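Take a look at the letters that make up each chain.
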Amino acid sequence: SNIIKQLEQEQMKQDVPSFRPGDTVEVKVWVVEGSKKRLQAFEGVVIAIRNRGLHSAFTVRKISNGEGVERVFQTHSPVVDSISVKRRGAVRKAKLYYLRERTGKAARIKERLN
Amino acid sequence: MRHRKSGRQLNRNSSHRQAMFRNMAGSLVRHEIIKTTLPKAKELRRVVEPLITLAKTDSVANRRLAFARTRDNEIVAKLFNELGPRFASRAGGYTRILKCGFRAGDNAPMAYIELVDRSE
Amino acid sequence: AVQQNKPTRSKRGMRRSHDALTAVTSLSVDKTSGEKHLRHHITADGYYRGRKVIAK
Amino acid sequence: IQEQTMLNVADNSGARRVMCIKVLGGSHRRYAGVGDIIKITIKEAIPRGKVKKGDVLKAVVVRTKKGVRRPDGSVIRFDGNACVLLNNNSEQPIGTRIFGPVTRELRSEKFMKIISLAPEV
Amino acid sequence: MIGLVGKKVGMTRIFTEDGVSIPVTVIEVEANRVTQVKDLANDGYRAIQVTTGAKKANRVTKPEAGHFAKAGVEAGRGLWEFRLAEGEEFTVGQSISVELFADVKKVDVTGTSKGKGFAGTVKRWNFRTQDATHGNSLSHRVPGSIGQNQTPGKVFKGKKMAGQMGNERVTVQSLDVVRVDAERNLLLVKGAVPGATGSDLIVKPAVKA
RNA sequence: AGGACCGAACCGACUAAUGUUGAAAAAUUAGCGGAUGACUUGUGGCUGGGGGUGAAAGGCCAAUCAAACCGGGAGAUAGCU
RNA sequence: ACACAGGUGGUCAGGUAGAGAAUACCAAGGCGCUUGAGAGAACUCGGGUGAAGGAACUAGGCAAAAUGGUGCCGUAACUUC
RNA sequence: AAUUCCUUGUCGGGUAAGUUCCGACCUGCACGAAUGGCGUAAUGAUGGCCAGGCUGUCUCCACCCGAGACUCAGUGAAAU
RNA sequence: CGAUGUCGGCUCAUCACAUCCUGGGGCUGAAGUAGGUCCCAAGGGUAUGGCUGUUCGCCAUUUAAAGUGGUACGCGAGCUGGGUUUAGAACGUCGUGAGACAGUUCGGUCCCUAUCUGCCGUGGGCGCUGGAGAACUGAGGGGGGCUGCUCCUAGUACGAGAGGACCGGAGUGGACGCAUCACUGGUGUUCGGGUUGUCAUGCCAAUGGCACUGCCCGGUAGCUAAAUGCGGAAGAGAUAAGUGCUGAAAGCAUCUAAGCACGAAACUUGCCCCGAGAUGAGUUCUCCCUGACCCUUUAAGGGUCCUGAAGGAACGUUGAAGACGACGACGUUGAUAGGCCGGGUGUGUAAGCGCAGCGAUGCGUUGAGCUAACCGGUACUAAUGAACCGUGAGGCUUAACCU
């Protein structure tokens, strides 16, 4: 309705950086073991969703030690403190599930006056 | 179930539905008033009226889209030359449905679907 | 599956109690030609509400 | 994870492919794959591993293709299903070194040793 | 305690600073104006009748119009009743009503569940399908045995068979209120409440809590 | 060269599902076997009932087979219903 | 028995892809199978696609899923070579 | 053993678990040499078992697409 | 015996209590932990696999427990046909032989369109006493009643040590049930794109058909589970085995006879759903109708004319309601559907033109172009004014009240 997309708009953060799928983004999430909170870095290739409002998300994949760990993180969650775009990769599909599922096969980078 | 779902299956597959709506829209553009059963007319509004909303803007890509739908170049030419200027100020509702009598062969609710500013 | 005893003509009538047709109960009369038509339907001479909508 | 599920082994002493014969904990528990303990047979083993083929002992699932759901709605999916082998009576890790990622869901009781040994939490 | 009537306006999230992402259902509670109070003299019980929303006054029938005109004229989409154990309410309306839910911490939400039509046994109850591939002449999701030969000679009354699911009243209890926003006239409740979007819901303070 | 191999026409009929008051008094739809031969098919002919024919199953001999069908003995007989 | 989803010998054999009389799309040519119109419950039939597990199903991998072509490497235990 | 009642005999093997399977032992109710005895490459819409791939077989079902089923018009049976 | 289908498994159950778990107790050769045995108690719960056709049984691993029996050894007009239990074949044994076996092995067709009762859902007529629209009271009926582990009490009580509380608390699960789609996903033949083969639109380009949606890759709404919220309670009444107080019979004594207080997941309430057809048809609020004549076999009636009220019904646009009825929203005093405008979403830089390149192709325009079932607006199209049904003040007896 109208009262949602006002309630959701007041929770959304307006500092989200812009990044297409295929990029390699580093996100800083808060881990709270005790009373202490520290930032944790997750870098990997992205298979994104476009902005569904507050209910938005990105999944990144990283091959740590032969095991591909895949994290969906909510865009406007307070856990994700910062997103850094880093490398920008030229892809032709919005969802890169096939291009992530293989091992040793990586998203290429093309910069045609990007 | 059928919850918040649109489209009428009309007891045919999707290829037959698209083929009937192409032929039907071509017939409506050519004759400007046709007799068809009432559910088919209600679903015909959703295929004829987008073509006229396309035809309000005359461009090569728009002619190609209105050819890709309905695959009849005479219907494309009528849509872009004759209609369009016929419906340019009009904001929707190019097609009007008048319920008519039941079909004799089978008791089907029938109707007449026509373009609104038909001369006669 | 099959009946075990034969149903009565009474049971036939009680079942057919709801197979009774419904009359129209109201036939609309058009303004510009007073002929009767089904409501929300054309007059079978070609008129809807006050105008000749179909020539045939 | 489920019964008749093959899993890789994170730890060194546990060897290669293992199969879940029973989902421990619960009367009719069908599927358990986050921090749960499952009874394990060793379907195929290398000789350097201490355990051997045909041996039943417990394990804890550390990686699941289904993945955990975080409180904010985040889903960490790990490719491959993995277990850390545990003794039947003690439920303590046989392997001295854990390999691959682990989740913060395995932070309770004896799994603290697993997240201590494993590199990425 | 008395309850209010709202229209469900959907579901969303409230992201706490910790990161809990509380899943909430937003309920639009307008001013619920009291139409009638019933006591132990004229009636047998203590209640207030409540109207909310607006109606076009063309669809308001004359009996309902006279009912509204007696004891404070108002236009409302419906009448719902709430019984009082102890409270005393006047026959004029409440100007702001959602504020009684600010102090409460758990609520019960009652609504008409979304209709699923003629629903099978496998959908309706959690009945198990017979094995598809091994033989199984035409008995995949069908009900199996419904009885026990001659000695009952009948099927019992509480038998779980196919039928309608939905369009029926259900209550969901002990739901945490997240935030009561009075000027926006919203009641945010943790979790999922019955109804489709737009349906009338009666929300009451928790009987268990 | 091949009672060779894969496989259409063709011949057959291994499994399954549907049908079982069927579309059909044994079929349909997916798969299956053989497919230059002990193969297959058209047209005639020959073998006749306690007889024929049978790479044999009591199989087949006109939707009929541990002795076909049709008429006669025949209104057989029936301590049985 | 039917305007019956079956049976019925022979002849002709276009283009493109293709080994092909497979198969796909079409020539020439012929048809929409003599009840329709709606809605879009259960359930049945015929399909498509499924997180994670994967034969735990079951009398049994029944059924589905799977593999599939050419060229070139390579390729055993036993053998009647 | 296409044969062994007791019997799911006993040893080795395969599985977490194996009345099935394989190699056997010989205590063969009640094998045995053209009513053939024993092996045997190839072959089999043959019987039994194991494994890999593969999956709605299953955990545990879900959505969608068509023909019925439901409603309306015409024709209009059956067993009992 | 003019036909009651056989074990077993699948699906679905229901009852008894001779109670497996959970609950309450007594004795203990009961220190604690853990037991044995007996009494009360049916509310709920009461495994997955290897083998075999198996119920069984044995085995692996669970669990609080993996109850025992009845229900045509429950259940084949519900499913299966592995088994016995036909017709083919073989082995062992018997018989000269045909064949046989309270032996073995391989193969071997499981029909039904529901009349009646019964259940599960959903409606028409009439009743309920003038007719309507709504809100209810609750007589009854149904649902739901499971339980593990960790911690605090507390290493306290108890104990030679070893060990170690079966009161009272808090958290977190397994199983089950309900709702929902905000997240995570699944589907998404009605969105976008890639691409094989062919045909067509004259042709290049761009498209469309067909090949399972041709094969895919993603995917909106909706539905959904594997996703998320919640619940089985607390309490009160009366109790059962049991435990008592006072207390005679029977000067003591005694739980009982007079009295009195405890006591369980059982019973009645408490929570959730239906529910006045509850013929015992109930209550409250509000609305609407107060004109004549004729005949009469007058507790009573029949008819005529005028009048049609509140309201319902119909018709149309329809729905997150729905098999059909039914239910809900709207009908020009209009946002009810489609269309239209804007946005969101999804796909991934369309066509055309230009440039580079021998060419495939690349680059720019360009995160472009299409885009659904979504959100917010807008009368452009269809929801016409009628017409129909329903009437015109509501029986008879008796009480507080007034003539």
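Per the deposited record, determination of this structure is attributed to cryo-EM, with the resolution reported as 3.2 Å.

## With respect to the protein's contact with RNA strand H
Near RNA strand H there are 27 residues, and of these B:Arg17, C:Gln3, D:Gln2, D:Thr41 and D:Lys53 occur at the shortest range. Counting only the atoms of RNA strand H within 4 Å of the protein, the fraction contributed by sugar and phosphate is 73%. E:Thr129 has a polar backbone atom sitting 3.4 Å from a phosphate oxygen of RNA strand H. Its residues assigned to classes, the surface near RNA strand H comprises 7 nonpolar, 11 polar and 9 charged.

## Digging into empty space enclosed by the protein
With a probe scaled to a water molecule rolled over the atoms, the places where space remains empty come into view. All chains considered together, the criterion is met by 1 cavity of 30 Å³ or more. The space that makes up the largest cavity amounts to roughly 30 Å³. Looking at the largest cavity, the residues that line it are A:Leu7, A:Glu8, A:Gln11, E:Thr12, E:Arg13, E:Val24, E:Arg179 and E:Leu188. Counted by class, the lining of the largest cavity contains 3 nonpolar, 2 polar and 3 charged residues.

## Focus: the interface of chain A and chain D
Taken together, the contact between chain A and chain D spans 19 residues of the former and 17 residues of the latter. Taken together, the links from chain A to chain D amount to 4 salt bridges. For A:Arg61, the salt bridge identified is with D:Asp79, shortest N-O distance 3.0 Å. The tally of links between chain A and chain D comes to 10 residue pairs in polar contact. Every element with two or more residues in the side of chain A that touches chain D is listed here: strand 2 (37-48), strand 3 (57-63) and strand 4 (68-74) of chain A.

## With respect to the pairing of strand 9 (residues 169-181) of chain E
Residue and element names in this part refer to chain E. Summarising the sheet, strand 6 (residues 106-112) and strand 9 pair through 6 bridges and their orientation is antiparallel. Along strand 9, the bridge assignment pairs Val 109 with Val 172. Here strand 9 pairs with strand 10 (residues 186-190) via 4 bridges, running antiparallel. Residue pairing across strands places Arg 179 opposite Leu 188, the latter belonging to strand 10. Remark: 4 residues form the turn of the hairpin made by strand 9 and strand 10, two consecutive strands paired antiparallel; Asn 185 in that turn has positive phi of roughly 55 degrees.

## What about the sheet that holds strand 1 (residues 24-32) of chain A?
A sheet is described by the order of its strands in space; here 7 strands give the open sequence 5(A)-1(A)-2(A)-3(A)-4(A)-6(D)-5(D), paired in antiparallel fashion. Strands with a single pairing partner mark the edges of an open sheet, and in this sheet they are strand 5 (80-87) of chain A together with strand 5 (68-69) of chain D. Examined bridge by bridge, strand 1 of chain A and strand 5 of chain A share 5 bridges and lie antiparallel to one another. Counterpart to A:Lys28 in the pairing with strand 5 of chain A is A:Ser82.

## Some remarks on the environment of A:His55
For A:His55, the position within the fold is in the loop between strand 2 and strand 3. Note: C-alpha distance between A:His55 and A:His76 (21 residues apart in sequence) is 7.8 Å. Non-local contacts of A:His55, meaning those with residues more than four positions away in its chain, are made with A:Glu8, E:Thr12 and E:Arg13. Here the side chain of A:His55 touches A:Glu8 through a polar contact of 3.2 Å, side chain to side chain.

## Remarks on the packing of aromatic side chains
If you walk through the whole model with that rule in mind, you get 3 aromatic pairs over all chains. Measuring from centroid to centroid gives 4.4 Å for A:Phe19 and A:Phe58, while their planes differ by 65 degrees, and the two rings are edge-to-face. Here the residue A:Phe19 occupies a position in the segment before strand 1, and A:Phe58 occupies one in strand 3, the gap between them amounting to 39 residues. Judged by its relative accessible area of 10%, A:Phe19 falls in the buried class. On the basis of relative accessible area, A:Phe58 is assigned to the buried category, the value being 8%. Taking 5.4 Å as the distance between ring centres and 75 degrees as the angle between the ring planes, the aromatic pair formed by B:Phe87 and B:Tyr94 counts as edge-to-face.

## Looking at the sheet that holds strand 2 (residues 22-28) of chain E
Reading around the circumference, 1-2-10-9-6-11 (chain E) is the order of the 6 strands in this closed barrel, with antiparallel pairing throughout. Along the sheet, successive strands turn relative to each other by an average axial angle of 50 degrees, direction set aside.

Each value, and the rule that gives it
Residues numbered from 1 in each chain as written, not as in the entry; some residues may be left out. Chains lettered and ligands numbered in written order. Part of a larger assembly, values for the part shown. Heavy atoms only, no water. Near = heavy atom within 4 Å. Polar contact = N/O pair within 3.5 Å; in protein donor to acceptor, adjacent residues only side chain to side chain. Nonpolar A, V, L, I, M, F, W, Y, C, P; charged D, E, K, R; others polar. 1 Å grid on protein atoms, 1.4 Å probe; cavity = no way out; pocket = protein on both sides within 12 Å on 5 of 7 lines; lining within 4 Å. Points joined across faces, edges and corners; volume = space filled by probe spheres on them. Contact = heavy atoms within 4.5 Å. Salt bridge = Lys/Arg side-chain N within 4 Å of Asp/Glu carboxyl O. Helix = DSSP H or I, 4+ residues; strand = E, 2+ residues; numbered from the N terminus. Pairing = 2+ DSSP bridges. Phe/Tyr/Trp six-rings, centres within 6.5 Å; stacked < 30°, edge-to-face > 60°. Buried < 20%, exposed > 50% of the residue type's maximum accessible area, 1.4 Å probe, protein only. Axes fitted to C-alpha atoms, helices over the stretch in contact; angles between N-to-C directions.

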